Structure formats: C-alpha cells, structure tokens
Amino acid sequence: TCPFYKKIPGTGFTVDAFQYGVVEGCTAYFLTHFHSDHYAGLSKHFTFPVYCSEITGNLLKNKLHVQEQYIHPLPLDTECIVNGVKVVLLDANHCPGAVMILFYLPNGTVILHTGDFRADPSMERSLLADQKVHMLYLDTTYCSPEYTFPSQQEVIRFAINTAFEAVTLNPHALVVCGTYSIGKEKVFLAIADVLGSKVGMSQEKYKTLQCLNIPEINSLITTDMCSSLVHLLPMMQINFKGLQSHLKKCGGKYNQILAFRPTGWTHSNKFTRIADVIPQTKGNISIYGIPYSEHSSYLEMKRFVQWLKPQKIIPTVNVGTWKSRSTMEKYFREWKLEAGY
Ligand code: NI
C-alpha cells in the first residue's frame, strides 16, 4: 500500500506512486523523473493522467510505450492549473527531465516536493524566492555529515585531463564509461569532446539519449562502435572480466582500456581528495571510480533547508529504519536551532 510520504494532503495527487495499483482517491499521478525506483509500475496499459516534464514524457512514450493521450507534459517555471490546483515544476539539478513540484493548496498551504535533487544556490533565485513553504518532502539520500564529495565541475576536470593524457600517450587506448540509467551524461560527453570522438553505444541506449533534448546530440553520439574511441557499456560490465571481453571484440584496434565508474559516494571520500584518486589496474586495463553525484551533499542539503525555512520536513529517502529516521530528525532540529526558524 502507498506510503504516506507519496501522498499530497488536500489534493487528489500522488508523487512517484505507480507500483501500488489504483490508489484510492488519486485523480492525477505525478512523476518527478525517469529513474526505475520512481516509475516502477508504469507501462502501455496505464490509463490515468500522468503529469511530468517534456523530457520525462518523451521517455514514457518511447521507452515504456505509455499512450500519448494519458501523458500531460508541463513547461518548467510556469504556473499551471491541474484539477483545480496551481502547480509549478522547477529544475531539480538531478538527471535530464528531473523536476521538483510546488503545490499551492486551496486552503493556502504551500508544499515543495523535491523529487531527487542536487541542491544548488541557483535555486535560491527561482520561483521559490517569492513565497513561504509550509511542508518540504525532501530527498535525504546523503543526510549525514560524512557525505562529502567535490563539485561536478572538479570531477569532470579530473576525468577530461585523465582521458586526454592517456590517449595522447597511447593513440591505441580505448576509453569506456559505465551507465545503467539516464543521468551523468556530462562524464562521457566531456571526455568525447576533448578527444574529438563521438560516443559509441547500443541501439537501446542511443534511443534513450535521443529522448533527452540535448543540443547538438546527433553530433556527439553514435551506434557505430568501430568509428568511436569512447564506448558506453552497462555498469555491471565495468570490471576486469567484462572489459577484457569487450577488448577482444574490437579486433585488435585497441591495446589498452581506461574505464570510468561514476559512482555517487564511496568511503574513499572521507580520506582522499579528487586530485589524489588512483585506479585499480590489471595488465593493460585501468578502472577509475569517480564521485560524480546527482544528489545533494550534506552541506548542500543543509544550506538549502536553512534558506527555505520550512515549517515541517518529510524525508523521502532512508525512511525504512528507526536509526536512520532518528538520525535525520536530529539533524533537522540542529539546523532549525542554528538558523532560528
Ligand atoms: Ni533518481
């Protein structure tokens, strides 16, 4: 049954609640982004109204075959009326098409649902600046002070410099980047740009990237692997066995692989600077774990909430254990006492 933290009180609405069957009294299902834990349950047989971004609606139609008549895409940064209630979609700085949702309840309550997000000071100058928020439904993925990681820009600098060095030393090296969902496209696109290559991938992944409105995409990606020296593979295949196997397939065009696994946090983060990261190596194969996150660090999360000053916080992540829940509630109280709201 649908958990309370997926329901918007005072409305007919749910958020990211497609795996529960027909939810009683739900008149409109919102979807924040196209990640499987959130869309779980949608298919071509769904016949209720789904509200989402344009990019998310491209993916619903083309990848899951949801029929067009039930897809309701909304523009961002634009006041819209849905079943009698004003809503706004805001960029969540997550994966392509990911949104936060502002609901303006008929009784005067204002609710922000972050979906999945990476908080940024740029958010302090969106339509959030304009009014008070009573209830915050918060992506608390990394809600503990041990979770530190660098900016996306520092991580991409490291990856570009690493790839460019390796391939300039050895023009016969192949670069491989792991993927299992949309998101983190900057990693492989920035590497292919510095090398003057397109990124090669499977037809299924090419299809997915073509739904994303990325400018000049036809110039950057391809299904012709042989013409490319940056290849995308499933994240599961980014290991010595899986890579040795791929290298066989390229028919002696290449004699070395440099591979990237963009993880979020790993506890190498509590000890090592991005500058100091080193790969795991076996023979002519090296694998770098790089901490490219599309969720808030603890400090980014704290700064956002202390700026917003919500009356009540509802976590949407890490809610299954009492120890997690109690940890998170302690930090919420600290933040409120330090800031004074
Ligand atoms: Ni997500």
Side-chain angles (χ1 to χ4, degrees), residues 2-3 5-6 8 14-20 29-43 50-60 62-64 66 73-74 76 89-102 112-120 122-123 136-144 147 149 151-152 155 177-189 205 208-209 211-214 232 234-236 261-266 269 289-298 300-301 304-305 313-320 324 328:
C2 187
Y5 66 79
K6 295 179 182 277
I8 307 302
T14 55
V15 180
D16 298 348
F18 299 87
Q19 63 167 302
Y20 302 107
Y29 293 77
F30 283 79
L31 183 59
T32 64
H33 69 293
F34 196 75
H35 279 164
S36 62
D37 277 358
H38 299 260
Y39 68 70
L42 272 164
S43 71
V50 180
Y51 284 89
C52 58
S53 68
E54 177 181 354
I55 288 168
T56 298
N58 298 340
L59 289 158
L60 287 182
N62 291 288
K63 301 293 299 198
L64 300 182
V66 177
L74 313 170
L76 299 188
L89 297 190
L90 304 165
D91 204 277
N93 188 40
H94 186 51
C95 64
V99 299
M100 314 192 285
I101 312 158
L102 256 191
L112 176 63
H113 195 299
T114 66
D116 287 342
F117 88 139
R118 184 163 185 178
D120 193 72
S122 70
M123 297 173 175
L136 179 61
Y137 286 67
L138 182 59
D139 170 11
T140 43
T141 300
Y142 293 126
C143 191
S144 194
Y147 300 116
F149 28 74
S151 66
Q152 290 175 168
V155 175
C177 295
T179 190
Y180 39 33
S181 55
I182 67 169
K184 307 188 187 184
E185 287 83 6
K186 190 71 175 171
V187 179
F188 54 85
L189 295 174
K205 181 78 180 177
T208 301
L209 295 183
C211 301
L212 307 180
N213 294 349
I214 287 173
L232 308 186
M235 195 74 88
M236 292 192 75
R261 294 182 347 79
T263 65
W265 179 90
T266 58
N269 268 282
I290 60 172
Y292 191 92
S293 185
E294 293 184 338
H295 300 271
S296 312
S297 74
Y298 172 85
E300 292 165 350
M301 189 193 302
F304 182 81
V305 177
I313 304 173
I314 302 168
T316 64
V317 189
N318 306 307
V319 296
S324 283
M328 294 181 291

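Note that the numbering runs from 1 along the sequence shown for the chain. All ligand and atom numbering here is 1-based and tracks the order in the structure.
- Within the coordination shell of the Ni ion (ligand 1), defined by N, O or S atoms under 2.8 Å, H295 is absent.
- Look at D116 and the Ni ion (ligand 1): an N/O/S atom of the residue is under 2.8 Å from the metal.
- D139 and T114 are not linked by any side-chain donor-acceptor pair at a separation below 3.5 angstrom, with hydrogens and angles left out of the test.
- Considering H94, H113, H33 as possible partners of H38, the one that fulfils the ring pair (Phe, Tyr, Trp, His ring centres under 6.0 Å) test is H33.
- Looking only at N/O/S atoms, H35 comes nearest to the Ni ion (ligand 1) through ND1.
- A pairwise comparison of heavy atoms in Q152 and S293 identifies OE1-O, 3.0 Å as the closest pair.
- Residue contacts to the Ni ion (ligand 1): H94 brings an N, O or S atom closer than 2.8 Å.
- Taking the six-membered ring for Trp, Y39 and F34 have ring centres closer than 6.0 Å.
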